[PDB]
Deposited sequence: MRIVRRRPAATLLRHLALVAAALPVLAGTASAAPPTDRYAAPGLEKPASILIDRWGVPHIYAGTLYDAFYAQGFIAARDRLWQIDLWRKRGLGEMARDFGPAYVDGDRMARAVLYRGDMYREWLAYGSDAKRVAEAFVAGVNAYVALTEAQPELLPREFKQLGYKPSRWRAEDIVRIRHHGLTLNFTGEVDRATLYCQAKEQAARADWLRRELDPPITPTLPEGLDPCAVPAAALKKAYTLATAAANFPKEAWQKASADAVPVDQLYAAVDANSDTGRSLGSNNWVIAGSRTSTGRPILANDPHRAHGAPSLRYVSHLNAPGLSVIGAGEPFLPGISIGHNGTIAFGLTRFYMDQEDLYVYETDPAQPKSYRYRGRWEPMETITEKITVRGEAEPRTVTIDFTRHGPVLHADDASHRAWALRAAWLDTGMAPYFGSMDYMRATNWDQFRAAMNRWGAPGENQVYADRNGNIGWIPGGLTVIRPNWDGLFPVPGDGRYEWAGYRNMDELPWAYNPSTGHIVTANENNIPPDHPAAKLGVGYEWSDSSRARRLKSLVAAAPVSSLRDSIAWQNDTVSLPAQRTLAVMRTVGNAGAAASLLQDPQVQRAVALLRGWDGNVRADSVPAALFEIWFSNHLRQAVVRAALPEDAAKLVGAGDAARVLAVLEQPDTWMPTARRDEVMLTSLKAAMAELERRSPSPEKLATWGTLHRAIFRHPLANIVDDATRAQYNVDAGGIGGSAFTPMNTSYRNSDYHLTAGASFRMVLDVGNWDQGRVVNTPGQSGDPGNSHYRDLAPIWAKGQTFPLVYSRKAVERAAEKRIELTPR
């Protein structure tokens, strides 16, 4: 038992940390639970949460030097600047008391590190600075870490339309799948060539990218009704697919107080729980892609470049002044930030009298990511959960719902822009001809409650029914590849009665529908023309032999899997694109959209002759086979997919510390199966196939028999590299295994390994 003073805490609070590193918080008052959550979040993840706050408020340069000034300036440009009275009330009715309690707990732990420097996290020692104190408003004003779109897509699409002109729609069809597959409409008044991609992306990255330390400066979910489970009770599963790292993106915790009994995960800097259950209802999420960013293009006064044309008048930009403290400079830099009425100015070119601003719904009221969970942490039925989702802001999400009374449900939510006269897939001129007409009420989106089929699966695909009214409202056209959704829907529908173990297995599924679709095309390649010549090549034959007996299961011990991932990521698609498009467009498209390239492979008709399709397939397959042989120890002992596909959890400082320190900061869990397209999403980088993203936190819940719920996180619950909970969960995660999400007192007491005691002072 450890005992600490808790100034600002109302009543004694106790925390039991179980043997997997999950803290279980027992407080005597409602808001004390969040005080304790802040203390414990700081105890485990202080450096991580301090860094998020430091990046969000634009205070990086204060400690990391002049290389960080531009990022600090752009970070402050995308802080919430709106009405704070409305902001506090956007998430439910008591969000301000919650945040204030949470940062009082964080601040108590920060004060403790000042009194007991042995508790100071080692990244602070390494880099020569100290953690800050927090204010409650920090929690809601930081926005730029929320998943969003589609500024980048608008920029890429306009850039393509500019360079390819008459061939634009043809090339953009390969570049990005739309669902529903509309023809994008270049807005009246927009010159696609007046969108400088490099300059705009540089500013957007500076405003939004996570903290970076370069050497130069130094989802699936589903819910199943009791009629279809082995338990007779609902089952709810969720594995978000996000960037991997050490420490992990999300953090598992458990909060108990009068009127509060919620367990699950969220980002460790945010109060409350956004994925999990509260002993009555359960909830999990996957991205739902409402278009929440438009790029606005302005004409500026040649006599006054800080003025832009709006409704026939010259309207002045709002200019604010910021002071940025810089390590090694005695005076703070004085910088300015310009805004139009629509948002922060990203870039200006006074030669062409043009400026560009980001109109981001996530800069409006209520868009602190996941903080709408304030209003459903305590919901006890569907009416309350559906109501809480009315005010859900960011990111756009599918929520699946279940409760211990046997109900199951689904409701997507997120701030939804109404564009009366453009489709949001291109930038618009900002002179008033293109204006958001407000926001949709969430009752305009589809939902389901106890559907007849007894199951619901969501996985980032467009799940708006085409005959539902929302399908015509322009909610969004850019969704993720639907392979995971089609695969999990097959699996769930094919299992009349399933267990928790079945749902855990489905989270670990590694069958790739893109692989199966490509193999199906391969088995029709014609032994004629240029293909017949390649079919006499030994290297081609060895690859054809490897693929001809593979079922598309991307297992870690599969050599055909290694061949396919090399082929499908770094060779095939690029070759198909170059064969189908002129060079300039093909260079911009690169590997293009996987679903759209597969469709071309399956129907090459208007893109290339069938014999050209075969020749490209074999030519790129030969090159992929050569790469596999170069990456294998000998051409007789070929590398398995797991041999290449390494699960390394990278620390933000890995590149600026020595080799011994990098081994302690990074966590290597070895080789793994899967790809971006398998339900067990293990996304990778193309340079060396190392893991970059996928499920870290996973959960499968027995809804009603709560102690039977199963979860994992990776690499661990602790952010302290010296702690065994820094890296103890990665081997469990790597085996597709879970540990119990203990919930009842006896179960929490049974699994407890450490007790922490907080005393008011």
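No C-alpha coordinates means not modelled. Give me those stretches of the deposited sequence in order. Model skips 1-35, 254-281 of the deposited chain.
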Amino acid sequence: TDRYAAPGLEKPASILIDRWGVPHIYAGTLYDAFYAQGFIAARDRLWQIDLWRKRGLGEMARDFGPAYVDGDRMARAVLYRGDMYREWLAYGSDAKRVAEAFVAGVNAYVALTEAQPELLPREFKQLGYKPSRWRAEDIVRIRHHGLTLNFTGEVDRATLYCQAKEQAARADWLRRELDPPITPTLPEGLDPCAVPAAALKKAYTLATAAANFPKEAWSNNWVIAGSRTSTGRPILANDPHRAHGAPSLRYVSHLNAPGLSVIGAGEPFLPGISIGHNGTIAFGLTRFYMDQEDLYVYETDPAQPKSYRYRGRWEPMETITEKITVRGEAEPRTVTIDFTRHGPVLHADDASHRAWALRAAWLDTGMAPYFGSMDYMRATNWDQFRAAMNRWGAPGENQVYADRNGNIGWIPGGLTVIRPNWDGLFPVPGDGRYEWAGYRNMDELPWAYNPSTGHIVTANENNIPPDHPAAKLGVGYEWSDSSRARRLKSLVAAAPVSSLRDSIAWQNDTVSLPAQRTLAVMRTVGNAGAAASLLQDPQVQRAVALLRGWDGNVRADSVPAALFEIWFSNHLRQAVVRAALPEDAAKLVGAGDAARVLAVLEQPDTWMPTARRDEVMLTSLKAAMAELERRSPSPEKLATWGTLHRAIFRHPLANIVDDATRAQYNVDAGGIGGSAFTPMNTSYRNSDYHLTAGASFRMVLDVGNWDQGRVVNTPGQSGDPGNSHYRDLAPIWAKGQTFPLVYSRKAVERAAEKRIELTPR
From here on, numbers count along this sequence of modelled residues.
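Going by the average Cα B-factor in the PDB entry, point out whether 679-687 or 493-501 comes out higher. Per the PDB entry, the higher value belongs to 493-501.
Name the higher of the two by mean Cα B-factor in the PDB entry, 203-211 versus 285-293. The deposited B-factors put 203-211 ahead on the C-alpha mean.
For the CA B factor values reported in this entry, which option in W479, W382, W392, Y310 has the top one? Of the candidates given, the C-alpha B-factor peaks at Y310.
Please pick out which of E331, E397, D94, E87 has the largest Cα B-factor as recorded in the entry. Among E331, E397, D94, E87, the highest C-alpha B-factor in the entry belongs to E331.
Going by the recorded CA B-factors, say which third of the chain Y161 sits in, lowest, middle or highest. Highest third - that is where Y161 ends up once the chain's C-alpha B-factors are sorted.
Taking the chain's C-alpha temperature factors as the reference, tell me which third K125 falls into: lowest, middle or highest. Highest third, going by the recorded CA B-factors of the chain.
Taking the entry's C-alpha B-factors for this chain, is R484 in the lowest, middle or highest third? Ranked within chain, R484 CA B lands in the lowest tercile.
Select lowest, middle or highest to describe the third in which the CA B-factor of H144 falls within its chain in this entry. Its C-alpha B-factor, which the entry lists for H144, ranks in the lowest third among residues of this chain.
Would you please rank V22 by its C-alpha temperature factor against the other modelled residues of its chain and give the third it falls in: lowest, middle or highest? Lowest third, going by the recorded CA B-factors of the chain.
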